[PDB]
Amino acid sequence: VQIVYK
Amino acid sequence: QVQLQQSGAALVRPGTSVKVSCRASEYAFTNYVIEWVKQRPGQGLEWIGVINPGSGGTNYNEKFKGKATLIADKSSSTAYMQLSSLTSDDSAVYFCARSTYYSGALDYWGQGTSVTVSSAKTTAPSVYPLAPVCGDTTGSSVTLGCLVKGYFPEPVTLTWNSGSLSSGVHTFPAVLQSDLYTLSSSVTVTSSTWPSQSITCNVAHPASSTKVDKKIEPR
Amino acid sequence: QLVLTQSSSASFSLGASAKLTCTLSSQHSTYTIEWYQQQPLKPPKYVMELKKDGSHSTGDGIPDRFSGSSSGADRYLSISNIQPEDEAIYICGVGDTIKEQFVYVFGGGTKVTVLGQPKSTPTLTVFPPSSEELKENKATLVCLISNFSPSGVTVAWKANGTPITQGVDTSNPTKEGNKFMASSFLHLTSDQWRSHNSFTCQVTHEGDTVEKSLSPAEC
Ligand SMILES: [N+]
């Protein structure tokens with residue numbers, strides 16, 4: 001799945 | 001208003017470094033991240049990287065890993081992108097933009113910083129008076145011109161009769177051919193005004209500490 | 001592998017309905033994307049976030065003319081009653097975190113043209129070469145294009161009514177009040193200027209053509 005961590 | 005304000009236009013030489021600044025205001029600096037976007041002049045957007053101000057963590061597009069260095073200062077609420085080893089490829093508009101830790105939306109964008117990597121040398125313009133060919137002198141109005149050819153860098157200031165001619169003036173932004181700028185300005189007066197009264201364009205090139213006044217004479 | 005493919009830069013009538021497509025790479029079918037609007041010489045603006053189910057959340061000052069929808073890997077931006085201000089390049093973006101490494105990628109953009117806009121036809125001013133410049137064995141013909149809206153023009157020079165394409169520098173259109181202005185320069189030798197019957201500056205705008213010719217000949 002799409003994962004967005006910055 | 002959420003705002004990001006970047007440093008100004010930069011004209012630098014190949015092989016050099018540049019440092020663009022991105023100052024955040026009216027939002028919590030360390031509750032969001034800063035991302036940087038390249039745009040070459042006729043091309044699409046290219047993503048460079050992101051700095052997490054609160055963590056100091058960086059993520060970068062692989063292409064810019066040896067080119068861009070991203071840093072943020074919490075105490076100044078300011079984000080910086082250092083470009084190294086500048087080639088003419090590095091010549092673009094660089095944007096900063098706000099994003100969240102956990103979603104993709106670049107929701108607010110800086111104004112941008114034009115970075116120009118150029119070798120062009122400082123050149124005073126040749127100024128020419130433009131009078132109409134005889135076919136263009138039989139109207140109720142008459143339009144005169146000024147050609148400012150082969151100058152570098154920007155800008156030039158152009159006025160007519162030292163600013164006493166203000167309406168019916170159209171001053172066109174410069175075209176760039178081979179690292180020299182050219183521009184033209186027109187002024188439209190009633191045919192009863194010229195040539196009976198004197199019309200002169202005043203061209204100053206601050207970079208070369210030069211000014212030229214060209215009187216428009218009938219051809 | 002993370003790839004955004006945008007449908008072909010297309011045109012819509014003023015007040016018609018537009019449907020742009022941003023298609024995800026097969027394996028990234030489920031992904032949330034962002035739409036961005038870039039207007040002439042403006043920073044990009046965040047338009048919306050759009051999810052697999054077609055649910056969406058729009059950015060600051062985006063009218064409710066803009067909605068989103070999804071079908072498999074396809075992400076759609078729909079503009080109802082399209083306006084002149086909607087003229088822009090629409091760019092999609094998508095984020096993902098692969099190896100704890102975050103990457104953002106943009107599509108190539110879709111240039112959106114709004115047809116049948118309020119039309120102001122260009123004024124041409126064409127200047128011959130100055131005596132001074134001719135004495136230097138050179139000749140710049142100047143075409144000044146003003147008082148037009150919307151901004152889209154092309155410029156063609158003619159020599160004795162045949163195409164001349166070498167030595168032409170044509171500006172982009174820029175704002176001048178509530179209209180646009182552009183300039184074009186045709187660099188000749190003094191012999192080329194003297195040896196021809198006529199030169200033409202020919203401007204196209206919204207299906208119209210305006211032209212202004214001048215001659216070296218005596219009146
Ligand atoms: N499209």
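### What to know about the sheet that holds strand β14 (residues 154–159) of chain C
All names here are of chain C.
Next, step 1: Across the sheet, which stays open at both edges, the four strands sit in the order β15-β14-β19-β20 with antiparallel pairing between neighbours. The open sheet has two edge strands, β15 (162–164) and β20 (208–214), and neither has a second partner. The average undirected angle you get between the axes of adjacent strands in this sheet is 35°.
Next, step 2: Direction of pairing for β14 relative to strand β19 (residues 199–205): antiparallel, over a ladder of six bridges.

### Examining the interface of chain C and chain B
Next, step 1: With 47 residues of chain C at the contact, the number on the chain B side is 50 residues.
Next, step 2: Both sides of the chain C and chain B interface together cover about 3,700 Å² of buried area, and 64% of this is carbon and sulfur.
Next, step 3: The largest share of the area that chain C buries against chain B comes from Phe-102, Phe-106 and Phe-127 of chain C, three residues that together contribute 16% of it.
Next, step 4: Across the chain C-chain B interface, the total number found is three salt bridges.
Next, step 5: Across the pair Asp-136 of chain B and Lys-212 of chain C runs a salt bridge, and its minimum N-O distance is 3.2 Å.
Next, step 6: Put simply, chain C and chain B have 11 residue pairs in polar contact between them.
Next, step 7: Among the elements that line the side of chain C that touches chain B, the one with the most residues is strand β13 (residues 138–148) of chain C, at six residues.

### Thoughts on the domain arrangement of chain B
Next, step 1: Considered domain by domain, chain B is made up of domain 1 (3–117) and domain 2 (126–216).
Next, step 2: Distance between the C-alpha centres of domain 1 of chain B and domain 2 of chain B: 39 Å.

### Describing the interface of chain C and chain A
Next, step 1: Counting from both sides, the interface comprises seven residues of chain C and, opposite them, six residues of chain A.
Next, step 2: Overall, the association of chain C and chain A removes approximately 550 Å² of surface from exposure, summing both partners, and the carbon and sulfur fraction of that is 48%.
Next, step 3: It is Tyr-31, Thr-97 and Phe-102 of chain C in chain C that bury the most area against chain A; as a group they hold 64% of the surface buried on that side.
Next, step 4: Viewed at the interface, chain A and chain C are joined by zero salt bridges.
Next, step 5: At four residues, the largest contribution of residues to the side of chain C that touches chain A is made by strand β9 (residues 88–97) of chain C.
Next, step 6: Residues belonging to the side of chain C that touches chain A are distributed by class as follows: three nonpolar, three polar and one charged.

### Some words on the nonpolar core
Next, step 1: Among the nonpolar cores identified, the biggest contains 27 residues, and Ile-34, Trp-36 and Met-81 of chain B are the most heavily contacted of them.
Next, step 2: Elements with a contribution of two residues or more to this core: β2 (10–12), β3 (18–25), β4 (33–39), β5 (46–52), β7 (68–73), β8 (78–83), β9 (92–99) and β11 (113–117) of chain B.
Next, step 3: Ranked by residues supplied to this core, first place goes to β3 of chain B with four residues.
Next, step 4: The contact partners of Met-81 of chain B, leaving out residues within four places of it in the chain, are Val-18, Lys-19, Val-20, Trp-36, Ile-48, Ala-68, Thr-69, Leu-70 and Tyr-94 of chain B.
Next, step 5: Core analysis: the second largest hydrophobic core is formed by 26 residues, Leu-4, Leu-20, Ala-73 and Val-112 of chain C among them.

### Focus: the packing of aromatic side chains
Next, step 1: Overall, the coordinates contain 16 aromatic pairs over all chains when judged by the stated rule.
Next, step 2: Judged by centre distance (5.6 Å) and plane angle (85°), the ring pair of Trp-47 of chain B and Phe-102 of chain C falls under edge-to-face. Of this pair, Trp-47 of chain B sits in strand β5 while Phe-102 of chain C sits in strand β10 (residues 102–106), each in a different chain. Of the two residues, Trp-47 of chain B and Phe-102 of chain C, both sit in the buried class.
Next, step 3: Three or more aromatic residues link up through ring pairs in this structure, and these residues are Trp-47, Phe-95 and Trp-109 of chain B together with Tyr-36, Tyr-46, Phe-102, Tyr-104 and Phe-106 of chain C.
Next, step 4: The ring of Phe-102 of chain C carries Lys-6 of chain A above its face, with NZ or CZ at 4.8 Å from the centroid.

### Focus: the domain arrangement of chain C
Next, step 1: Domain boundaries in chain C define domain 1 (4–115) and domain 2 (123–214).
Next, step 2: Placing the centre of domain 1 of chain C and that of domain 2 of chain C at their C-alpha centroids yields a distance of 38 Å.

### What to know about the side chain of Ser-103 of chain B
Next, step 1: On the secondary structure map, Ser-103 of chain B appears in the loop between β9 and β10 (108–109).
Next, step 2: Among the polar contacts made by the side chain of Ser-103 of chain B, one reaches the side chain of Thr-100 of chain B at a distance of 2.7 Å.

What counts as what
- Residues numbered from 1 in each chain as written, not as in the entry; some residues may be left out.
- Chains lettered and ligands numbered in written order.
- Heavy atoms only, no water.
- Pairing = 2+ DSSP bridges.
- Helix = DSSP H or I, 4+ residues; strand = E, 2+ residues; numbered from the N terminus.
- Axes fitted to C-alpha atoms, helices over the stretch in contact; angles between N-to-C directions.
- Contact = heavy atoms within 4.5 Å.
- Buried area = accessible area lost by both parts, 1.4 Å probe.
- Salt bridge = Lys/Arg side-chain N within 4 Å of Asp/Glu carboxyl O.
- Polar contact = N/O pair within 3.5 Å; in protein donor to acceptor, adjacent residues only side chain to side chain.
- Domains from an automatic or database assignment.
- Nonpolar A, V, L, I, M, F, W, Y, C, P; charged D, E, K, R; others polar.
- Core = buried A, V, L, I, M, F, W, Y, C linked by side-chain atoms within 4.5 Å.
- Buried < 20%, exposed > 50% of the residue type's maximum accessible area, 1.4 Å probe, protein only.
- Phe/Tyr/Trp six-rings, centres within 6.5 Å; stacked < 30°, edge-to-face > 60°.
- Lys NZ or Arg CZ within 6 Å of the ring centre and 35° of its normal.

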